[PDB]
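File shown here: input18.pdb, holding PDB, C-alpha atoms (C1' of nucleotides).
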```
ATOM      1  CA  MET A 451     -16.543  -3.176  19.711  1.00  0.00           C
ATOM      2  CA  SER A 452     -20.317  -2.769  19.787  1.00  0.00           C
ATOM      3  CA  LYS A 453     -22.353  -5.983  19.681  1.00  0.00           C
ATOM      4  CA  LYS A 454     -25.457  -4.103  18.506  1.00  0.00           C
ATOM      5  CA  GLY A 455     -24.798  -4.089  14.762  1.00  0.00           C
ATOM      6  CA  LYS A 456     -23.472  -6.284  11.978  1.00  0.00           C
ATOM      7  CA  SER A 457     -19.878  -5.241  12.732  1.00  0.00           C
ATOM      8  CA  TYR A 458     -19.739  -7.861  15.494  1.00  0.00           C
ATOM      9  CA  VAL A 459     -21.094 -10.517  13.118  1.00  0.00           C
ATOM     10  CA  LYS A 460     -18.543  -9.609  10.441  1.00  0.00           C
ATOM     11  CA  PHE A 461     -15.746  -9.614  13.038  1.00  0.00           C
ATOM     12  CA  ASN A 462     -16.725 -13.107  14.189  1.00  0.00           C
ATOM     13  CA  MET A 463     -16.975 -14.327  10.590  1.00  0.00           C
ATOM     14  CA  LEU A 464     -13.532 -12.901   9.779  1.00  0.00           C
ATOM     15  CA  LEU A 465     -12.051 -14.657  12.810  1.00  0.00           C
ATOM     16  CA  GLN A 466     -13.717 -17.932  11.818  1.00  0.00           C
ATOM     17  CA  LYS A 467     -12.620 -17.632   8.184  1.00  0.00           C
ATOM     18  CA  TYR A 468      -8.973 -16.649   8.558  1.00  0.00           C
ATOM     19  CA  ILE A 469      -7.972 -18.657  11.656  1.00  0.00           C
ATOM     20  CA  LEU A 470      -6.243 -21.935  10.838  1.00  0.00           C
ATOM     21  CA  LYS A 471      -7.827 -25.183  11.972  1.00  0.00           C
ATOM     22  CA  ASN A 472      -5.746 -28.160  13.040  1.00  0.00           C
ATOM     23  CA  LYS A 473      -4.417 -30.610  10.464  1.00  0.00           C
ATOM     24  CA  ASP A 474      -7.107 -32.904   9.070  1.00  0.00           C
ATOM     25  CA  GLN A 479      -9.502 -29.259   3.639  1.00  0.00           C
ATOM     26  CA  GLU A 480      -8.019 -25.838   2.866  1.00  0.00           C
ATOM     27  CA  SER A 481      -8.234 -22.431   4.527  1.00  0.00           C
ATOM     28  CA  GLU A 482      -8.487 -18.899   3.126  1.00  0.00           C
ATOM     29  CA  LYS A 483      -4.754 -18.045   3.280  1.00  0.00           C
ATOM     30  CA  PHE A 484      -4.487 -15.118   5.674  1.00  0.00           C
ATOM     31  CA  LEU A 485      -1.927 -12.505   4.603  1.00  0.00           C
ATOM     32  CA  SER A 486       0.229 -10.867   7.274  1.00  0.00           C
ATOM     33  CA  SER A 487       1.402  -7.880   5.204  1.00  0.00           C
ATOM     34  CA  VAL A 488      -1.992  -6.182   5.578  1.00  0.00           C
ATOM     35  CA  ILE A 489      -1.405  -5.871   9.340  1.00  0.00           C
ATOM     36  CA  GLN A 490       1.515  -3.472   8.905  1.00  0.00           C
ATOM     37  CA  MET A 491      -0.123  -1.700   5.958  1.00  0.00           C
ATOM     38  CA  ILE A 492      -3.130  -0.684   8.064  1.00  0.00           C
ATOM     39  CA  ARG A 493      -0.897   0.578  10.880  1.00  0.00           C
ATOM     40  CA  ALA A 494       1.350   2.569   8.543  1.00  0.00           C
ATOM     41  CA  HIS A 495      -1.493   3.926   6.375  1.00  0.00           C
ATOM     42  CA  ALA A 496      -3.850   4.647   9.287  1.00  0.00           C
ATOM     43  CA  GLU A 497      -4.096   8.394   8.633  1.00  0.00           C
ATOM     44  CA  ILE A 498      -4.759   7.839   4.922  1.00  0.00           C
ATOM     45  CA  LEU A 499      -7.457   5.330   5.857  1.00  0.00           C
ATOM     46  CA  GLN A 500      -8.937   7.979   8.162  1.00  0.00           C
ATOM     47  CA  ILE A 501      -8.986  10.442   5.255  1.00  0.00           C
ATOM     48  CA  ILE A 502     -10.699   7.823   3.080  1.00  0.00           C
ATOM     49  CA  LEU A 503     -13.260   7.010   5.783  1.00  0.00           C
ATOM     50  CA  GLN A 504     -14.114  10.687   6.308  1.00  0.00           C
ATOM     51  CA  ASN A 505     -15.139  10.938   2.624  1.00  0.00           C
ATOM     52  CA  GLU A 506     -18.852  10.184   2.861  1.00  0.00           C
ATOM     53  CA  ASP A 507     -19.866   9.907  -0.797  1.00  0.00           C
ATOM     54  CA  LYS A 508     -16.975   7.795  -2.135  1.00  0.00           C
ATOM     55  CA  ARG A 509     -15.929   5.900   1.008  1.00  0.00           C
ATOM     56  CA  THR A 510     -16.298   2.320  -0.241  1.00  0.00           C
ATOM     57  CA  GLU A 511     -14.925   3.065  -3.712  1.00  0.00           C
ATOM     58  CA  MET A 512     -11.932   4.919  -2.263  1.00  0.00           C
ATOM     59  CA  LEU A 513     -11.203   2.101   0.198  1.00  0.00           C
ATOM     60  CA  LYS A 514     -11.391  -0.548  -2.528  1.00  0.00           C
ATOM     61  CA  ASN A 515      -9.210   1.526  -4.859  1.00  0.00           C
ATOM     62  CA  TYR A 516      -6.620   2.118  -2.128  1.00  0.00           C
ATOM     63  CA  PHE A 517      -6.406  -1.571  -1.240  1.00  0.00           C
ATOM     64  CA  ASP A 518      -6.191  -2.551  -4.919  1.00  0.00           C
ATOM     65  CA  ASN A 519      -3.499   0.035  -5.683  1.00  0.00           C
ATOM     66  CA  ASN A 520      -1.350  -0.822  -2.664  1.00  0.00           C
ATOM     67  CA  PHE A 521      -1.678  -4.614  -3.030  1.00  0.00           C
ATOM     68  CA  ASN A 522      -1.231  -4.689  -6.804  1.00  0.00           C
ATOM     69  CA  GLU A 523       1.047  -7.729  -7.195  1.00  0.00           C
ATOM     70  CA  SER A 524       0.489 -11.213  -8.582  1.00  0.00           C
ATOM     71  CA  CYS A 525       0.414 -12.877  -5.157  1.00  0.00           C
ATOM     72  CA  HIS A 526      -2.445 -10.648  -3.980  1.00  0.00           C
ATOM     73  CA  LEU A 527      -4.965 -12.273  -6.344  1.00  0.00           C
ATOM     74  CA  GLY A 528      -5.523 -14.909  -3.655  1.00  0.00           C
ATOM     75  CA  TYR A 529      -6.239 -12.342  -0.918  1.00  0.00           C
ATOM     76  CA  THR A 530      -9.122 -10.472  -2.568  1.00  0.00           C
ATOM     77  CA  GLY A 531     -11.538 -12.098  -0.132  1.00  0.00           C
ATOM     78  CA  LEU A 532      -9.491 -10.919   2.845  1.00  0.00           C
ATOM     79  CA  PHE A 533      -9.272  -7.397   1.420  1.00  0.00           C
ATOM     80  CA  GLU A 534     -13.025  -7.250   0.789  1.00  0.00           C
ATOM     81  CA  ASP A 535     -13.851  -8.623   4.245  1.00  0.00           C
ATOM     82  CA  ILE A 536     -11.622  -6.122   6.034  1.00  0.00           C
ATOM     83  CA  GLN A 537     -13.020  -3.283   3.899  1.00  0.00           C
ATOM     84  CA  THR A 538     -16.586  -4.230   4.840  1.00  0.00           C
ATOM     85  CA  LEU A 539     -15.687  -4.537   8.523  1.00  0.00           C
ATOM     86  CA  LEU A 540     -13.901  -1.167   8.477  1.00  0.00           C
ATOM     87  CA  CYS A 541     -16.854   0.588   6.844  1.00  0.00           C
ATOM     88  CA  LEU A 542     -19.380  -0.979   9.225  1.00  0.00           C
ATOM     89  CA  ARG A 543     -17.258  -0.113  12.263  1.00  0.00           C
ATOM     90  CA  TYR A 544     -16.810   3.487  11.113  1.00  0.00           C
ATOM     91  CA  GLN A 545     -20.552   3.916  10.531  1.00  0.00           C
ATOM     92  CA  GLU A 546     -21.374   2.464  13.950  1.00  0.00           C
ATOM     93  CA  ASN A 547     -18.677   4.612  15.564  1.00  0.00           C
ATOM     94  CA  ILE A 548     -19.931   7.862  14.039  1.00  0.00           C
ATOM     95  CA  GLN A 549     -23.541   7.009  14.940  1.00  0.00           C
ATOM     96  CA  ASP A 550     -22.533   6.266  18.534  1.00  0.00           C
ATOM     97  CA  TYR A 551     -19.937   8.963  19.165  1.00  0.00           C
ATOM     98  CA  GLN A 552     -20.330  12.029  16.915  1.00  0.00           C
ATOM     99  CA  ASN A 553     -22.738  14.136  18.985  1.00  0.00           C
ATOM    100  CA  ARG A 554     -21.027  12.872  22.140  1.00  0.00           C
ATOM    101  CA  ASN A 555     -17.709  14.260  20.898  1.00  0.00           C
ATOM    102  CA  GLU A 556     -19.259  17.597  19.922  1.00  0.00           C
ATOM    103  CA  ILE A 557     -20.972  18.040  23.289  1.00  0.00           C
ATOM    104  CA  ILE A 558     -17.846  16.954  25.194  1.00  0.00           C
ATOM    105  CA  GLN A 559     -15.761  19.527  23.320  1.00  0.00           C
ATOM    106  CA  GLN A 560     -18.410  22.217  23.862  1.00  0.00           C
ATOM    107  CA  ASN A 561     -18.329  21.545  27.617  1.00  0.00           C
ATOM    108  CA  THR A 562     -16.443  24.188  29.596  1.00  0.00           C
ATOM    109  CA  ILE A 563     -15.924  22.457  32.958  1.00  0.00           C
ATOM    110  CA  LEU A 564     -13.834  19.550  31.666  1.00  0.00           C
ATOM    111  CA  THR A 565     -10.080  19.953  31.344  1.00  0.00           C
ATOM    112  CA  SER A 566      -8.318  19.436  28.023  1.00  0.00           C
ATOM    113  CA  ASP A 567      -6.632  16.208  29.150  1.00  0.00           C
ATOM    114  CA  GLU A 568      -9.910  14.744  30.410  1.00  0.00           C
ATOM    115  CA  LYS A 569     -11.601  15.920  27.206  1.00  0.00           C
ATOM    116  CA  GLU A 570      -9.020  14.080  25.099  1.00  0.00           C
ATOM    117  CA  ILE A 571      -9.392  10.981  27.281  1.00  0.00           C
ATOM    118  CA  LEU A 572     -13.182  11.095  26.866  1.00  0.00           C
ATOM    119  CA  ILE A 573     -13.146  11.965  23.150  1.00  0.00           C
ATOM    120  CA  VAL A 574     -12.701   8.989  20.814  1.00  0.00           C
ATOM    121  CA  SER A 575     -12.079   9.321  17.085  1.00  0.00           C
ATOM    122  CA  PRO A 576     -14.522   7.111  15.128  1.00  0.00           C
ATOM    123  CA  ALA A 577     -12.293   6.402  12.124  1.00  0.00           C
ATOM    124  CA  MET A 578      -9.164   5.716  14.170  1.00  0.00           C
ATOM    125  CA  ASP A 579     -11.125   3.532  16.600  1.00  0.00           C
ATOM    126  CA  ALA A 580     -12.453   1.457  13.693  1.00  0.00           C
ATOM    127  CA  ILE A 581      -8.954   1.186  12.208  1.00  0.00           C
ATOM    128  CA  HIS A 582      -7.598   0.052  15.579  1.00  0.00           C
ATOM    129  CA  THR A 583     -10.364  -2.553  15.819  1.00  0.00           C
ATOM    130  CA  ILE A 584      -9.427  -3.951  12.398  1.00  0.00           C
ATOM    131  CA  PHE A 585      -5.741  -3.891  13.359  1.00  0.00           C
ATOM    132  CA  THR A 586      -6.400  -5.758  16.611  1.00  0.00           C
ATOM    133  CA  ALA A 587      -8.577  -8.353  14.863  1.00  0.00           C
ATOM    134  CA  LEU A 588      -5.855  -9.031  12.292  1.00  0.00           C
ATOM    135  CA  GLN A 589      -3.208  -9.191  15.027  1.00  0.00           C
ATOM    136  CA  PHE A 590      -5.297 -11.753  16.919  1.00  0.00           C
ATOM    137  CA  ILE A 591      -5.709 -13.802  13.734  1.00  0.00           C
ATOM    138  CA  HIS A 592      -1.954 -13.765  13.109  1.00  0.00           C
ATOM    139  CA  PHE A 593      -1.184 -14.562  16.757  1.00  0.00           C
ATOM    140  CA  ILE A 594      -3.430 -17.625  16.628  1.00  0.00           C
ATOM    141  CA  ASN A 595      -2.134 -18.706  13.214  1.00  0.00           C
ATOM    142  CA  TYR A 596       1.640 -18.346  13.637  1.00  0.00           C
ATOM    143  CA  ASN A 597       3.880 -20.950  15.273  1.00  0.00           C
ATOM    144  CA  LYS A 598       7.652 -20.762  15.764  1.00  0.00           C
ATOM    145  CA  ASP A 599       8.637 -24.048  14.139  1.00  0.00           C
TER     146      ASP A 599
ATOM    147  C1'   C B   1      34.558  18.823 -90.164  1.00  0.00           C
ATOM    148  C1'   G B   2      37.467  21.668 -86.954  1.00  0.00           C
ATOM    149  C1'   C B   3      37.827  23.770 -82.028  1.00  0.00           C
ATOM    150  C1'   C B   4      35.881  24.343 -77.039  1.00  0.00           C
ATOM    151  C1'   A B   5      33.530  23.651 -71.306  1.00  0.00           C
ATOM    152  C1'   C B   6      30.859  25.652 -67.380  1.00  0.00           C
ATOM    153  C1'   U B   7      27.085  24.839 -63.026  1.00  0.00           C
ATOM    154  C1'   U B   8      25.152  22.409 -58.555  1.00  0.00           C
ATOM    155  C1'   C B   9      27.652  19.457 -53.084  1.00  0.00           C
ATOM    156  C1'   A B  10      21.273  18.911 -47.311  1.00  0.00           C
ATOM    157  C1'   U B  11      17.388  20.512 -46.259  1.00  0.00           C
ATOM    158  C1'   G B  12      12.663  19.449 -43.646  1.00  0.00           C
ATOM    159  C1'   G B  13      10.410  15.631 -39.677  1.00  0.00           C
ATOM    160  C1'   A B  14      10.953  12.309 -35.427  1.00  0.00           C
ATOM    161  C1'   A B  15      15.319  13.846 -30.327  1.00  0.00           C
ATOM    162  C1'   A B  16      12.404   9.275 -26.346  1.00  0.00           C
ATOM    163  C1'   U B  17       7.440   6.639 -25.364  1.00  0.00           C
ATOM    164  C1'   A B  18       4.556   3.046 -22.100  1.00  0.00           C
ATOM    165  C1'   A B  19       4.716  -1.251 -18.027  1.00  0.00           C
ATOM    166  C1'   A B  20       6.398  -2.471 -13.339  1.00  0.00           C
ATOM    167  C1'   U B  21       7.902   2.095  -8.088  1.00  0.00           C
ATOM    168  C1'   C B  22       9.086  -2.794  -3.877  1.00  0.00           C
ATOM    169  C1'   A B  23       6.729  -7.763  -3.035  1.00  0.00           C
ATOM    170  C1'   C B  24       6.650 -12.155   0.828  1.00  0.00           C
ATOM    171  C1'   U B  25       8.380 -13.751   5.659  1.00  0.00           C
ATOM    172  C1'   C B  26       9.595 -12.718  10.513  1.00  0.00           C
ATOM    173  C1'   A B  27       6.698  -7.432  14.089  1.00  0.00           C
ATOM    174  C1'   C B  28       9.664  -9.885  19.399  1.00  0.00           C
ATOM    175  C1'   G B  29      11.212 -15.530  21.105  1.00  0.00           C
ATOM    176  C1'   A B  30      13.363 -17.851  25.881  1.00  0.00           C
ATOM    177  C1'   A B  31      14.657 -16.986  31.401  1.00  0.00           C
ATOM    178  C1'   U B  32      13.056 -14.336  35.873  1.00  0.00           C
ATOM    179  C1'   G B  33       6.532 -13.447  38.372  1.00  0.00           C
ATOM    180  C1'   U B  34      10.314 -12.456  43.604  1.00  0.00           C
ATOM    181  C1'   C B  35      15.036 -13.834  46.196  1.00  0.00           C
ATOM    182  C1'   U B  36      18.730 -13.314  50.638  1.00  0.00           C
ATOM    183  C1'   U B  37      19.037 -11.476  55.804  1.00  0.00           C
TER     184        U B  37
END
```
Rewritten as structure tokens:
Amino acid sequence: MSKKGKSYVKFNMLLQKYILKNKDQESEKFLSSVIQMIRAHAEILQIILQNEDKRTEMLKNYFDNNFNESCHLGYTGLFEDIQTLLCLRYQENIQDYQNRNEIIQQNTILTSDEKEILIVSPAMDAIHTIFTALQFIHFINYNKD
RNA sequence: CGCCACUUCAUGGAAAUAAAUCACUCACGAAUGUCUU
């Protein structure tokens, strides 16, 4: 992650919000089903992120339409927070890496394998960052009773 | 007042329409992090 922008701040706030504190008055009820949804729907999320004009609306609609059950009314805050973090991370990633990717691909000396090692996809990198943050939250929160 | 019967036996419309389309949980846990010549 890049500590330059508000993505780092939102990441820290998400960790603070959805990580359980020790018994003492209530937390924000982290949901673990979103972890596997992001992994499974990663390519669809990439398609949504690549849509510049309707990115936020498409992300919100996708999360609402996938998590459309009665239980999910309590996880609207989590959905909104992860949507904001994903959008911020994608914007930072494109700003940092777009021209770098174009110039790396246009280079003729570098081999294809080294090109693919050097080239990073902004949308997929942001999705992986969200996935790793949620996995860390779940790892801290869960205990084998 | 008497005498006397025939005819007709279903057509037109509606022939499925909306809601929910998987949800939650677990996503690895424990042992071994070197040992014997």
Report task. Output as a list in words the set of chain B residues within 9 Å of chain A, with distances taken over all atoms listed in the file. Result -> residues 23, 24, 25, 27 and 29 of chain B
Requested in this report: Show which residues sit within 12 Å of region 507-517 of chain A, as number ranges by chain. Count all atoms listed in the file, and ignore same-chain residues fewer than 4 positions away.
Outcome: A: 487-488, 491-492, 495-496, 498-503, 521-523, 526-527, 529-542, 544-545, 577
Report task. Can you work out the spacing between CA of residue 518 (chain A) and CA of residue 455 (chain A) in Å, to one decimal? Result ->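 Atom-to-atom, CA of residue 518 (chain A) to CA of residue 455 (chain A), that is 27.1 Å.
Here CA of residue 585 (chain A) is placed at a distance of 18.4 Å from CA of residue 482 (chain A).
In this model, the gap between CA of residue 493 (chain A) and CA of residue 466 (chain A) comes to 22.5 Å.
The residue that comes closest to residue 579 (chain A), out of A:564, A:594, A:451, A:558 and on the basis of all atoms listed in the file, is A:451.
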**Report entry** Residue with smallest distance to residue 21 (chain B) - pool A:469, A:578, A:557, A:519, counting all atoms listed in the file
**Finding:**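 Comparing A:469, A:578, A:557, A:519 against residue 21 (chain B), the winner is A:519.
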How big is the axis-aligned box around the listed atoms of region 33-36 of chain B once 8 Å is added on each side, and where is its centre? Give both in Å to one decimal, as JSON.
```
{"center_x": 12.6, "center_y": -13.1, "center_z": 44.5, "size_x": 28.2, "size_y": 17.4, "size_z": 28.3}
```
